[PDB]
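A.B. asks: A structural model of the following input is requested.
(chains A, B, C, D, E and F, ligands or ions: 7)
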Amino acid sequence: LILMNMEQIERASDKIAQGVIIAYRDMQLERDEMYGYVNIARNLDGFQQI
Amino acid sequence: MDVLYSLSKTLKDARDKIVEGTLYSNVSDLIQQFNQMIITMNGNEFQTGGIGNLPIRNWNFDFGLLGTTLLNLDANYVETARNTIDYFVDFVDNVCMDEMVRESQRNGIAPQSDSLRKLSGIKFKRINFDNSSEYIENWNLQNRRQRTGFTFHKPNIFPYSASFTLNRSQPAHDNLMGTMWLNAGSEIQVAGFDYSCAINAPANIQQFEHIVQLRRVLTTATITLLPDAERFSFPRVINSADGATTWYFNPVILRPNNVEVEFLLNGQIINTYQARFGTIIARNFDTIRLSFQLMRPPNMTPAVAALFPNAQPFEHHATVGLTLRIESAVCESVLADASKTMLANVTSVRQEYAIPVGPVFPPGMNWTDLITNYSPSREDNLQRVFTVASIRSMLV
Amino acid sequence: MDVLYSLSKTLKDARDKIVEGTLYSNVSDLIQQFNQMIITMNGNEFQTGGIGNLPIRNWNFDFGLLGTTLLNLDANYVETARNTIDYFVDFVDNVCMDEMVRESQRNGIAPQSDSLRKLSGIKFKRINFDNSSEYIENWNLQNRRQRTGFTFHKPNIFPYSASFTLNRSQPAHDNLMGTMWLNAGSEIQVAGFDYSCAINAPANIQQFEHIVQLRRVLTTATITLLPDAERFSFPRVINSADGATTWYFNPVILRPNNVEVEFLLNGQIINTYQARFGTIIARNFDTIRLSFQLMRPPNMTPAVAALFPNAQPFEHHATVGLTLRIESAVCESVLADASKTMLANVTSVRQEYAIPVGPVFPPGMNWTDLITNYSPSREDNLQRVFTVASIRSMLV
Amino acid sequence: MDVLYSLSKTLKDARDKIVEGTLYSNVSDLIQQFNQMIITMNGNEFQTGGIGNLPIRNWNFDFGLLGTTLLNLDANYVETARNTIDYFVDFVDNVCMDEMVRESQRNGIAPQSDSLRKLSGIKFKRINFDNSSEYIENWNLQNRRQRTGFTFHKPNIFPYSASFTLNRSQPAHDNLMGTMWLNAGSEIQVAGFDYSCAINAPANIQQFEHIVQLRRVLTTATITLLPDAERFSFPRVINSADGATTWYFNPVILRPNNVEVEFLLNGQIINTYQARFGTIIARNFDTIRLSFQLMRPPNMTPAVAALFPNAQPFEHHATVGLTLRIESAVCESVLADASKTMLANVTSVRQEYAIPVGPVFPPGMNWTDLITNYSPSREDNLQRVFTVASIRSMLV
Amino acid sequence: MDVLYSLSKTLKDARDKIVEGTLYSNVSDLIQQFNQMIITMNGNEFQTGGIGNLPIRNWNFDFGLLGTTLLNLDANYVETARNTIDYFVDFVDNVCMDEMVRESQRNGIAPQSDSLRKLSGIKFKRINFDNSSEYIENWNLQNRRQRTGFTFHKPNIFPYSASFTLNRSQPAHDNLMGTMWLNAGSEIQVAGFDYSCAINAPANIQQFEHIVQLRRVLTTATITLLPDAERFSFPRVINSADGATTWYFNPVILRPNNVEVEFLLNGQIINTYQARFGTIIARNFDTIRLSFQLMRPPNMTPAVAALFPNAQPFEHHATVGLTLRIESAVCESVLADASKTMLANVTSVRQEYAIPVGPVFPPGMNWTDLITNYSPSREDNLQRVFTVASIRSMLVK
Amino acid sequence: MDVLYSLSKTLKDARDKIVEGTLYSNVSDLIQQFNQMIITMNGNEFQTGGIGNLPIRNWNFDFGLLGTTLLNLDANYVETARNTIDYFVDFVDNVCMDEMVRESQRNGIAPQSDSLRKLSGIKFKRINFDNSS
Ligand SMILES: [Cl-]
Ligand SMILES: [Cl-]
Ligand SMILES: [Zn+2]
Ligand SMILES: [Zn+2]
Ligand SMILES: [Zn+2]
Ligand SMILES: [Zn+2]
Ligand SMILES: [Zn+2]
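C.D. replies: Numbering: from 1, shown residues only, chains lettered A, B, ... in the order given. Ligands and ions are numbered 1, 2, ... in the order given. Structure data below:
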């Protein structure tokens, strides 16, 4: 139970993020109901992961 | 292929085991594997192709996990599981169909559809679990360069061929010596005929030989050997080699003499059976040699002696036949047989969606042409599609 | 039915897995399922009925649970398990026998015996676990109106019929044109005969047609086609249609001409095969149409020309054959086949206990009568009894 | 035998389930069983093969346990497991081969090879786990003397025998009355012939009887019965009983009359079918009694009346036939059949290593000789070797 | 196989690089590999050879490690290393010989000798290091089932066959039309002969065809095609097909006409070369079709016209040749070729110790029989023994 | 050409030497060269083909470095390395094929394909190592 719900519990935390994409192109800030404008990535597709 | 099989097996086990009232301990590992599959597939977009009349289909996966905290499964659990199982089964069936209708010459064993190539990526290796079916087991063993075999009941190893050879003939076709045969599927019927009944033959014996060269090696083969060929035991009107005219065959069946059935591998005799009929075992062979003799009966009752005069006209033609039926065998390669539906499934899927003729298989997946020219590329593509068909059979 | 199957599966798993010295980890889930079955069945009284000569049997369940506190199973554990397993196996066998000998016109799919009706109560659904057999899979699918599938090796789809049709006849029966066939099991042998050898036919062609209507739709069928029919290739004395007289048949086999095998679904040609014999695939069909022509050979050697005069008397009769064998197929309905034993088991149980003939099945469970008039009620009752037979065959 | 089967089953499970990326929950129980096997086998020396050309192989077991700590299996785990599995699979195959090539007249059911004798000790009984295969299941049931069952598709129960009986004959063989039959494998083709066509027979009926005594009792048997025996329906020149001459047989096939097929157990009629053709069920029998009749057609057309004169010479000989195929059956003893490969495996292993003829089996494992004299000692040895062969086929 | 190859490679590197006076920095990694080998082999017992006249050899490994404190290698260090290397090389030679003389019908690619079976354990996998030889590289690719490639100079792809076909003949053998060929090794010499010189032919053209089916597919093949076949260009007395009599062949060579070389794969034309002589490339093929015409020269000088009369007797017979030499090729399977010695080594070892005829290979390692019936099991066994032979050649040779 | 040769030889040495169970000291220098190649190639976009029936192929490099082991390489290391090695081998084969099918009357010795022209830039000279063939 804990193992299968780990990722959901972790992503619910308000004090840690799951990563940061450094893309040296200008990307529009997403429009999110929780923030307004926010530089939030929904996934990491299209980037090398370290 | 292992990931596709694992998806299919997970879905089959979910259908079989996720049933109302069952103890969760009966399905705990299955639910763990199912949730692993969901997690691995979530967030991935798949496309099953538009080859032929097969429609382009897009697949998304954003499913939640199944519960793991009941003592016994209830109706809500089964309905919730079924909702996901239906979508996954549809996706697997479409991926299998897309892979079944494609072929390649350079690399026919590798996946051909984009969905199966995507599933061969490392990120999906987590879905992989028990590979127990015969076809997937053979696939994994062969990827390991390990000796593996498919077991066939009545293997379809002989391309269809009804033909004859006239070792003695004439334009009027009234004094003929030769052989007639049908090699069809797992069956060989051969018959040597002499119109003169070896009246002018050395020792009054006429020798007939029939060699059948199998396109693949067979091992641990159980074979029925019977001393007569009923297919060539009644009057027939038969075209000539060029079709210019038709000749007449009026057999009178005699016991074949000095019957020797040799099963050979690389030209060396592996098994030899002399005057043995019934069940015989050919342990490892690629060629069958049937030698038999028409022996003129030294003593004949008047009714018999009437049939075989000293000279022409010959109205009754002496024939000796053999029948060889391969009941069961083992092959390194894949073959059509009387028990398995792989060839039928592949042909049906190709026919239903009007798949054009490719560069590998003959039109219509015709088995006679396929087995006649069983090239390595054909073997690779055929094993790939047969494995995919077996995977599809688990769900469809 | 699912609860009865689950009882049988649990007992089979207990027989196979509960062995001396085995790790308890090998049986933990099986032991839990077994103890759950014991708890569910404990305190219940069953009666397997006295229909026919089947004896009335009373069943009481007061059994202790199997232990869960060993590292490896020992002889004590195996004996304690085996006593209970023997009693439960006897009970399951008797319940299956009680259900197999029963039928109804209204709800033949529903349980008929009192014991199986009792097992269909909710208080037994806890016993239900893995439904992995083909028959139980199809039972669960059909209970949900889902696409079912049974794979048959040599399906017994054709009711036995050795018949003939004379399209040209007269009291002398010396100039006959027509067809004779044997449709038995998975095999159709047909032969069209012309006594005149199409001397007066237009273009010297005689056309023969044989339509066989299957009582159920077959899918993904692999079929062997052979040019000649050996069953109608020897001289016979055949009774007349009324049985008043006997006529004489003296075939001489010519190869069939313009062979067309059509596999049709609702009168629509799904598959067509022209002049192809070796091995063919019919993906979905319920009717087989075999068209074949006797063509008088334009060029004949003196013997062949002797066979076929310009007018009567006709002593040699030109015959063109055709053999069609369904090696394997898929059907949405249960069928008898050469590999399974369900029909044999049901018939044996009904014969051994002198079960009186019922409203649904023909006397003696005769398969020809059953498949000739395969009604929906007959299908439901047959599926029920065949599923029960498969359940019983897991333990007996 | 149970320990050898458990070794083979554990290795098959390891090969099929220990795959890269698989959840450890999919293998946890299997890993426990595998580690138990390693612990049990470690420190033991085995020797296999000193008979025929089977090489002497020495086996030492010093292997580490598999890990229990991963969440998903990775490459390292699979490589270690694969190395251990390869060694163990080779050992099991060699032990099976060593056991298959040995026989004993006294205790042929007991292990013959020293390796299997060592494995029968208590110190190896821990390896034993799930015994689900039909052959090992029957082995265990036989050890306890419970009722065994082997299901055979086309059981090979009739030793090959093509012979005839002449109830009426004379030196010229022009007026013969008798029967000729082929009892081969799973088929009985029997034809009764009368050269006079029952012209002088009382009521113009000639009675023919054929009794086939099965060497073992068959139960739940599905039988195809067809009116005609095509094998004896064509002109044939047949040796005399002493071989001093040959006689002529020119059959004209009349349908058999008053066909009665009885299936007998201990001389009592268990089943009886009168003029029933197609699929029939024989639930328990050891003898087949086919009684049929040639009835002279009371009404004949001019051609038919021309076939059968009032006295000699008789140029056309009236023949009635019967074909009987056992599609499927159940036997309490092991038998060769079309679908399995046990006989083929044992014969191939004995032929490959040139095993000298022993005191139990016929040379070459001739099945006709084996089933002709199916003694209890032969039955014990054959069940032993067939079970070992089924164990070996799980891996090899 | 990889462990045996790694043993041989380590030993060869030690023999080549552990030399007096060399910097320790030249051999540090090699010394570590050698000591790893010593540690892995120490305390293990091996037995090699109980087949034919090959003696039973028992091998024990109890060796000290080579030192690592030197900055340059001195004589004593090299001598001790040489003693250890000599023992190890003897062991590796014997293991290779034991493996080369064995064959299996089932798993011919798997180890057959018990020493190599023991070396196939996990504990010995530590010995594995650089696998750079062509044969071991192909072995590792084949284990993973990647596209293998063996480069052969003059591949021995054609089994020996000197035969002829008569399309026109009669018992006097004075008016013959046909072809005679020798397919031997990497060479095909074919020659079509017409005794009448196509006097009565349809437009004075006689077409000849020769089909050669390769038992394995060849890729990237350099092939020399020469117009004439010197092998069938001199007077010959040739047995009849039945051997009942002998006939006479007095050829006069005319240049072949409309020469067409067709290189086909699975009965599909891959390469076609028309009237092209010299070096040609066949990129991927398994069948060669050589079609060539004898064209009667319309204009003849008096001597040429005297050679070919209008009718019989025909004293001079018109012949057109073709020579095809595969200089180099690539095959996914092992083959005998001119440059390598793998087949020679395997046959030499098998003959040296009187290895009895096995169930796989022909009765004596005859290459014509092997390539004639080059079955998958034979291919596996041949690849195994050839890889072992190449491993042995690194040390014994 | 020297850079393309160095890529090919680095890949050949990686295939031959990065084998399960080998001492990390047997590959240390090779691993350093391979990681230098990965660093230099990562983030670069290459295109091959577009001539005849040679397909247009796009190559992107976003690989991580090969790690280290204390004593001996294991199976996990070999598979992880082999994924990258396979991609690089495919890229090198495609670049070689693109270069083999092109020719120039002027400067026939100079690179003709765009991929090889890019590989002749200064940034890739880092990859260059032993030119021994
Ligand atoms: Cl069958
Ligand atoms: Cl040279
Ligand atoms: Zn002819
Ligand atoms: Zn009538
Ligand atoms: Zn069958
Ligand atoms: Zn007699
Ligand atoms: Zn000649």
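
A.B. asks: Would you map the strands across chain B?
C.D. replies: B:45-48, B:57-60, B:150-153, B:158-168, B:177-185, B:187-194, B:205-226, B:236-239, B:246-249, B:251-254, B:257-265, B:268-274, B:278-295, B:317-331 (DSSP state E).

A.B. asks: can you check chain A too?
C.D. replies: Going by DSSP E, chain A shows strands at A:30-32, A:36-38.

A.B. asks: max-length helix in chain B?
C.D. replies: Ranked by residue count under DSSP state H, the longest helix found in chain B is helix B:75-100.

A.B. asks: Give me the buried positions along that one.
C.D. replies: Neighbour-count burial for helix B:75-100, counted by 16 or more other C-beta atoms under 10 Å in any protein chain shown, picks out B:77-78, B:81, B:84-85, B:88-100. No exception for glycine: its C-beta is placed from N, CA and C like everyone else's.

A.B. asks: and of the strands of chain B, who's closest to chain C?
C.D. replies: strand B:158-168 (2.9 Å; C-beta to the nearest C-beta).

A.B. asks: Show me what that closest one packs onto, helices and strands only.
C.D. replies: With contacts taken as 3 or more C-beta pairs under 8 Å, 6 or more residues apart in numbering or on different chains; DSSP states H and E, strand B:158-168 sits against strand B:177-185, strand B:205-226, helix B:367-372.

A.B. asks: so which of these is the most packed in?
C.D. replies: Among these, the stretch with the highest mean neighbour count (mean count of other C-beta atoms under 10 Å in any protein chain shown) is strand B:177-185, at a mean of 22.

A.B. asks: Pairing partners for that one, with directions?
C.D. replies: strand B:158-168 (antiparallel), strand B:187-194 (antiparallel) (DSSP bridges).

A.B. asks: Not counting its own residues, what contacts it?
C.D. replies: The contact list for strand B:177-185 (C-beta atoms under 8 Å, 6 or more residues apart in numbering or on different chains) reads B:154, B:156-169, B:188-196, B:206, B:208-210, B:212, B:229, B:231-232, B:249, B:338, C:224, C:226, C:277-279.

A.B. asks: ok, the longest helix of chain B near chain A or not?
C.D. replies: No: applying C-beta under 8 Å from any C-beta of the partner chain, one finds helix B:75-100 separated from chain A by no less than 15.1 Å.

A.B. asks: ok, the closest residue to chain F within chain A - how many residues close by?
C.D. replies: Ranked by C-beta to the nearest C-beta, the top residue of chain A for proximity to chain F is residue A:48, at 3.8 Å. With neighbours defined by other C-beta atoms under 10 Å in any protein chain shown, the count for residue A:48 comes to 13.

A.B. asks: Helices along chain A, start to end?
C.D. replies: Using DSSP H, the helices of chain A run over residues A:2-11.

A.B. asks: Spatially central residue for it, please.
C.D. replies: residue A:41 (4.5 Å; C-alpha atoms, centre = their mean).

A.B. asks: Now for the residue sitting furthest away from the middle of chain B: which residues touch it?
C.D. replies: In terms of distance from the mean C-alpha position of chain B, residue B:302 ranks first, at 49.4 Å (C-alpha atoms, centre = their mean). Contacts for residue B:302 were tallied using C-beta under 8 Å, 6+ apart; they are D:172, D:174.

A.B. asks: so what's the nearest residue to residue B:241 once chain neighbours are set aside up against?
C.D. replies: Using C-beta to C-beta, 6 or more residues apart in numbering or on different chains and skipping the chain neighbours, the partner closest in space to residue B:241 is residue B:166 (7.5 Å). Each residue near residue B:166 by C-beta under 8 Å, 6+ apart is listed here: B:176, B:177, B:178, B:241.

A.B. asks: Would you mind measuring from residue B:24 to residue C:35?
C.D. replies: Separation of residue B:24 from residue C:35 (C-beta to C-beta, to the nearest Å) stands at 14 Å.

A.B. asks: and the nearest residue to residue B:335 once chain neighbours are set aside, how many neighbours does it have?
C.D. replies: Distances taken as C-beta to C-beta, 6+ apart put residue B:155 closest to residue B:335, at 5.0 Å, once the chain neighbours are dropped. Neighbour count for residue B:155, taken as other C-beta under 10 Å: 26.

A.B. asks: try residue A:39
C.D. replies: Neighbours of residue A:39 (other C-beta under 10 Å): 11.

A.B. asks: Which residue is the nearest non-sequential neighbour of the closest residue to chain C within chain A?
C.D. replies: Nearest residue of chain A to chain C (C-beta to the nearest C-beta) works out as residue A:1 at 18.9 Å. Excluding the flanking residues, the one nearest residue A:1 by C-beta to C-beta, 6+ apart is residue B:68, at 6.3 Å.

A.B. asks: Could you do residue B:58 as well?
C.D. replies: residue B:47 (5.7 Å).

A.B. asks: Pull up the gap between residue B:27 and residue C:66, please.
C.D. replies: According to C-beta to C-beta, residue B:27 stands 20 Å off from residue C:66.

A.B. asks: hmm, back to that, make a markdown table from the helices and strands packed on strand B:158-168 and add distance to residue B:326 to it.
C.D. replies: Shown next, in a markdown table, are the helices and strands packed on strand B:158-168 (distance: least, C-beta to C-beta, whole Å):
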| stretch | distance to residue B:326 |
| --- | --- |
| strand B:177-185 | 9 |
| strand B:205-226 | 5 |
| helix B:367-372 | 14 |
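
A.B. asks: looking at the ones you listed, which is closest to ligand 6?
C.D. replies: Closest approach to ligand 6 among the helices and strands packed on strand B:158-168 (C-beta to the ion): strand B:205-226, 22.6 Å.

A.B. asks: Each with direction, which strands does that closest one pair with?
C.D. replies: With DSSP bridges as the test, strand B:205-226 is paired with strand B:278-295 (antiparallel), strand B:317-331 (antiparallel).

A.B. asks: Geometric centre of chain B: which residue is closest?
C.D. replies: Nearest to the mean C-alpha position of chain B, counting by C-alpha atoms, centre = their mean, stands residue B:336 at 1.6 Å.

A.B. asks: and residue A:35, how many residues sit next to it?
C.D. replies: The number of residues packed near residue A:35 is 11, by other C-beta under 10 Å.

A.B. asks: sorry, that was for residue B:275
C.D. replies: Residue B:275 sits with 11 neighbouring residues when counted by other C-beta under 10 Å.

A.B. asks: Buried ones among the contacts of strand B:177-185?
C.D. replies: Among those, those scoring as buried are B:154, B:156-160, B:162, B:164, B:166, B:169, B:188-196, B:206, B:208, B:210, B:212, B:229, B:231-232, B:249, B:338, C:224, C:226, C:277-279 (criterion: 16+ other C-beta under 10 Å).

A.B. asks: about what we covered before: I'd like the strands of chain A as a markdown table, with distance to residue D:392 and mean neighbour count appended.
C.D. replies: Compiled in a markdown table, the strands of chain A are given as follows (distance: least, C-beta to C-beta, whole Å; neighbours: other C-beta atoms under 10 Å in any protein chain shown):
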| stretch | distance to residue D:392 | mean neighbour count |
| --- | --- | --- |
| strand A:30-32 | 63 | 11 |
| strand A:36-38 | 65 | 10 |
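
A.B. asks: Can you tell me which of these is nearest to residue B:375?
C.D. replies: The closest of those to residue B:375 is strand A:30-32. By C-beta to C-beta, the value is 55.1 Å.

A.B. asks: got the contact list for that closest one?
C.D. replies: Applying C-beta under 8 Å, 6+ apart, the set of residues contacting strand A:30-32 is A:37, A:38, A:39, A:40, A:42.
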